[PDB]
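Chemist: Pasting an experimental structure with its sequence.
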Amino acid sequence: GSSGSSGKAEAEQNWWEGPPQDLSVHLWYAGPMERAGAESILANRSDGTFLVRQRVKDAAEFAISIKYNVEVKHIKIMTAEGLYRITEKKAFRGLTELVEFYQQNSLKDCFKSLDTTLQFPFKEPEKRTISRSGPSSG
Amino acid sequence: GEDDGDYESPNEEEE
């Protein structure tokens, strides 16, 4: 193909009824949204925005899309027996951790290209260096 | 083929 259809998917309609546990809980969430759907989000928002999107190929597949360098970047997240990792050297246990971790470790370490780390989520960033340590957990 | 780099690539230089 080597092409990219056009779309906006602009429509605010919440016809849900108290949805159970879901990525929503996190300040950042992204459904099956397509490329354009993510780009526009990190394109219109402030420089350094990010989010978590899932792939169609494998239900159990996530991706971190962040806007940087006048361009929207994306990363393919892996999943092993309920695990999460984007590199062979580094490996995490949960998606949340992988995210709350990058905020401290510049993606430049792994993705030399991206000389920046998660600055702001999809919904809203954090304040007062708020974080939740993992005591004997993980 | 087998290889697939649709997304960003990790540190290449660093073997």
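Modeler: Noted; the coordinates are in hand. Numbers count the residues shown, from 1 in each chain, chains lettered A, B, ... in the order given.
Chemist: Need phi/psi at the residue positioned nearest the centre of chain B.
Modeler: For chain B, residue B:9 is the residue whose C-alpha lies nearest the centre (Cα atoms, centre = their mean; 4.1 Å). Main-chain dihedrals, residue B:9, degrees, to the nearest 10: phi -110, psi 140.
Chemist: From chain A, how far off is it?
Modeler: Noted for residue B:9: a distance of 7 Å to chain A, by Cβ to the nearest Cβ, to the nearest Å. Backbone N, C-alpha and C define where each C-beta goes, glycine included.
Chemist: From residue A:84, how far out is the residue in chain A positioned nearest to chain B?
Modeler: Closest residue of chain A to chain B, Cβ to the nearest Cβ: residue A:76 (4.3 Å). In this view, residue A:76 and residue A:84 are 11 Å apart by Cβ to Cβ, to the nearest Å.
Chemist: Would you mind telling me which of those two has more residues around it?
Modeler: residue A:84 (19 against 16; other Cβ atoms under 10 Å in any protein chain shown).
Chemist: from what I can see the more buried one touches residue A:90, true?
Modeler: No: counting by Cβ atoms under 8 Å, residue A:84 stays clear of residue A:90, with 10.4 Å between them.
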